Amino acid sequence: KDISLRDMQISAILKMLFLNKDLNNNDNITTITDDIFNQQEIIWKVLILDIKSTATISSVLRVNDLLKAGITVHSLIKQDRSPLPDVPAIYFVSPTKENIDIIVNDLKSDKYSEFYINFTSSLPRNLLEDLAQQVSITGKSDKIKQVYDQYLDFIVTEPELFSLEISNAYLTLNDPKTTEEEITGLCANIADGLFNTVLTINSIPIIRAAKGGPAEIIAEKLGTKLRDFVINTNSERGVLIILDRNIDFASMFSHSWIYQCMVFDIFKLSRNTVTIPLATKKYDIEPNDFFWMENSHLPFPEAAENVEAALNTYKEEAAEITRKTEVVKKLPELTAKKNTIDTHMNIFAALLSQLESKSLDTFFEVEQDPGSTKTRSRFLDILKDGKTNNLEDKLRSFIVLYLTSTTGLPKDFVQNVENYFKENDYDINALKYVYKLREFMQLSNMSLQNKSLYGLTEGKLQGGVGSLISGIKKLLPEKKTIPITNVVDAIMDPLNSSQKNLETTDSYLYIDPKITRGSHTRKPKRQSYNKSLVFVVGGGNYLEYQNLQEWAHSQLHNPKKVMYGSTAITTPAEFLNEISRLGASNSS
């Protein structure tokens, strides 16, 4: 019974839908039993969200969960909302002049019997006074039962994956154009996002961050924020590791065999909403998706298998019940269960379709060797069997190679391969900037030490293959740790870490908000940690998330919880743009 980051946000969100009940008193349960809900006897309320806040709720809660919490209706602050003078209202909206104004307008209008103002991040005195002044001249200040800064300004995608939804950060931060002001402002927001997360965790962590770039600024910014918070209170432990995306670009482009990553990669998977290919079917991977929370971290083959094991144990399970016996269905539990299966059932199917229709298992190998012509060839060799549904992956696997190379990479490829694109005409504005990032991928890979360790589908129920699962199962390489996992490893478990990883993270800015100045320095000290919050400033991936979890979920002798997150969870594709935009801008 261990709580995930998402469970903690869902709990905070739920506590708010209960008029921030149970607050100011006792109780340690987590997801209210119904017999207790009947203890306070709850009444229906209106729930007003705004664009940004809806994105936060719809990520962790389903409509059924809302009703179950007493929410009758939910609508955006900006819509024309029909009055409900005798019903309570809970606003969960962004701290903006715009919204505040509307709360004041609805307050006057008498749209609802009461108001429970809940701000997404934190309302500034600036606006508190504003809202106050306006409300003062109303004879209704009495109807506002409570105003709360909820500090839930982030989205929790998977159980331990979070995003500040601050898109295009790597660009904004490294674009020469960008002001020395725009940068400070950006950092300040990221610092807030983190802070918002940290408070949700209810743990004041030790901040550790790579020096020199953004990550440091943000670290020192968040250090100061957390420091005051500890002060303005009175007058093991956790760690928060803040890294620069510069630590490992190869991973932003790489290819993977684990279920999530593929789905995230090949089927733009956002907000628990897979999008399978103008043609576009949409499957919802609703949190607590019986299968998904069981085969996400699993390699395509096992997953594909485990699906047919479930569709098999479903056909059985349903046969025993077939003996006794938005639409009220005869058996919801069963229908719902089969339907989750029906989802993955063809995600795998549509996946294979995508695998073969562009022979993907190739790129994956071209990147598992970064070395001699053994691999060198296999690449031009692959771009020799020309297509089009490879074009993107081509550029990617190339970049991976150019970056992980561990040795020059002949002026030949750069020319021959570069040609293959400028002739097939697929702007390579990116390969301009990419070549620079190589010196980074090389310095941290050298500074670290990697440790290791449709009917057709209903078809593959053998425990073996379908003549395609065979190749992928054999092509299962060394799921060795990645650069990020190394840095986290050395920080969370010092005693059992390579000297290289320890020494490299040893150079990481160390800061404790509970102390004041520190000493002459904030002389880095090694400690072990149970939980950690890991934030990459400039880009997040399922690839790194996947790694970090496998690493954490394999720690026997002092288990670890790792919460990963970035300014935005960017897609190999999307990140590939950000880069090229810098190659475009970094010349004119």
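Heads up: residue numbers just count along the shown sequence, starting at 1.
**OP:** Check the entry and tell me how many residues of the deposited sequence have no coordinates between residue 95 and residue 96: none, 1 to 3, 4 to 9, or 10 or more.
**Re:** Unmodelled stretch: none, continuous chain.
Subject >> Interval residue 235-residue 236, deposited residues with no coordinates in the entry (none, 1 to 3, 4 to 9, 10 or more) >> reply: The entry has 10 or more unmodelled residues between residue 235 and residue 236.
Original post:
Averaged over C-alpha atoms, is the B-factor higher for 162-170 or for 429-437 in this PDB entry?
Top reply: Here the higher of the two C-alpha B-factor means belongs to 429-437.
Original post:
Should the higher mean CA B-factor in the entry be assigned to 553-561 or to 537-545?
Top reply: If you average the C-alpha B-factors of 553-561 and of 537-545, the larger mean comes out for 553-561.
Original post:
At the C-alpha atoms, which of 504, 450, 224, 280 reaches the highest B-factor in this entry?
Top reply: By C-alpha B-factor in the record, 280 ranks first.
Subject >> Among 528, 56, 521, 532 - the residue whose C-alpha B-factor is largest in the record >> reply: Spelled out: the listed residue with the top C-alpha B-factor is 521.
**OP:** Classify residue 8 as lowest, middle or highest third according to the C-alpha B-factor given in the PDB entry, relative to its own chain.
**Re:** For residue 8, whose C-alpha B-factor we compare with every modelled residue in the chain, the answer is the lowest third.
**OP:** For residue 116, return the chain-relative third of its C-alpha B-factor as stated in the PDB record: lowest, middle or highest.
**Re:** According to the entry, residue 116 has a C-alpha B-factor in the chain's lowest third.
Original post:
Going by what the PDB entry lists, where does residue 313 fall on CA B-factor within its chain: lowest, middle or highest third?
Top reply: Its C-alpha B-factor, which the entry lists for residue 313, ranks in the highest third among residues of this chain.
Subject >> Chain-relative CA temperature factor third for residue 153 >> reply: It belongs to the lowest third of the chain when residues are ordered by C-alpha B-factor.
Original post:
Taking the entry's C-alpha B-factors for this chain, is residue 571 in the lowest, middle or highest third?
Top reply: For residue 571, whose C-alpha B-factor we compare with every modelled residue in the chain, the answer is the middle third.
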